[PDB]
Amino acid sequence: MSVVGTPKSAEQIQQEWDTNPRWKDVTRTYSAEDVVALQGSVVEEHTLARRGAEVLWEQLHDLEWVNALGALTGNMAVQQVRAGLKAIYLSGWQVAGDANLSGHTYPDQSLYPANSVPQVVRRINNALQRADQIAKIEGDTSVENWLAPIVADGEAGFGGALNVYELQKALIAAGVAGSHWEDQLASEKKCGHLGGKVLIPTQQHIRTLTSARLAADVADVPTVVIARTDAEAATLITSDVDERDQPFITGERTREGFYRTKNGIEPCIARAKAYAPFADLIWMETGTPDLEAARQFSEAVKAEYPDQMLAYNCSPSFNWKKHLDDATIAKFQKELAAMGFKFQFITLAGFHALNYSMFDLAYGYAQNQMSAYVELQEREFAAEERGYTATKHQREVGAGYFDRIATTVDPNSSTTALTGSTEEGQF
């Protein structure tokens, strides 16, 4: 037939696992032959998933740390890279609130269709590709890498291990670079800073992490796998079967049949250590922005897994000035990086930037009409010194690029967009 997409042999995969330092501390409870048996006759190449994953892994070891902001539209991701950020965080919370495939506004409880986050991954890459295409024809070299890696939210898997497997597969097809997975009961998933959280036994989350790795292996991409634990605040567990969880089981039971468990940094350390061999980065949800507790978690984990990188949630669910002074806020991220928190991200940055900017505009617009918008347009003009370009909105969305396509197909076409527009004649 054709040699396109021929699967590699179990020997090559074993070779790659043995020699490539990317897999230096990755445990696999399945064999390389098990991967081959699940790949059929053709293995689709996932370019953006591979490139982003390799770029992400590289940046986590080159840069002091990799920091990101939550993005829920393609334009958001474009502006984050344009501004200098090297990675995009794809928040599930935000998807639930304003960008999921049901069309409804949801709280962060795994209510939306399971393929919603993959579509936002694809959408973001599409927008970054368009920005990359525009920069090439415009000769704009302000950004070295427009295809910045995407770290996406796997939540609690939307079911069992097969649901996990299919979500990770869908995230890779969309071109994700990393995905994170939490140890909550899928049917009761909550945001890390909401209540009513229900843990699942330690082994079950290792099962989830193993499933996430397996799909990345079957698709043949070094996807960064992130493990999140919600044990600092969760006081409910589904079962006491796992002996690793028993020291925190109180015996008390709820009407639903859940077991009460003792929460805090100790069960997070215990679970972190158990997840480490199956996680490229570890992440513990916390109740406050507190450097001491972060250092404490960092020390206990690195005392057994010294090279284990960590991720920290700089959550807008914290009232930041209520806990930290301005000076502590200024060094918060830099001090975290010294502890090994190499991926840091403001999860709901997109939500609050979108909701506040439109309220501020609409409120002024209701009182003073055009005066309020001219205020915004002038800030846009003033920001052009800093590299802002979306003021010329026609080229920002690719008017020049499609004019180039149109002239490539027909050099004498008289229906090009940017020639004659008010943009070229007023900006």
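Residue numbers here begin at 1 and follow the sequence given.
The mean Cα B-factor in the deposited entry runs higher for 57-65 than for the other of 57-65 and 365-373. Per the PDB record, of the two stretches 108-116 and 259-267, 259-267 carries the greater mean B-factor over its C-alpha atoms. Highest CA B-factor among 132, 299, 98, 155, as stated in the entry: 299.
Within the selection 248, 356, 89, 181, the deposited Cα B-factor values reach their highest point at 248. Remark: residue 47 belongs to the lowest third of its chain, ranked by C-alpha B-factor as recorded. Among all modelled residues in this chain, the alpha-carbon of residue 275 has a temperature factor (C-alpha) in the middle third. Residue-level temperature factors show residue 417 in the highest third of its chain, judged at the C-alpha atom. Residue 35: CA B factor in the middle third of modelled residues in this chain (values from the PDB entry).
The deposited CA B-factor of residue 281 belongs to the middle third of values across its chain.
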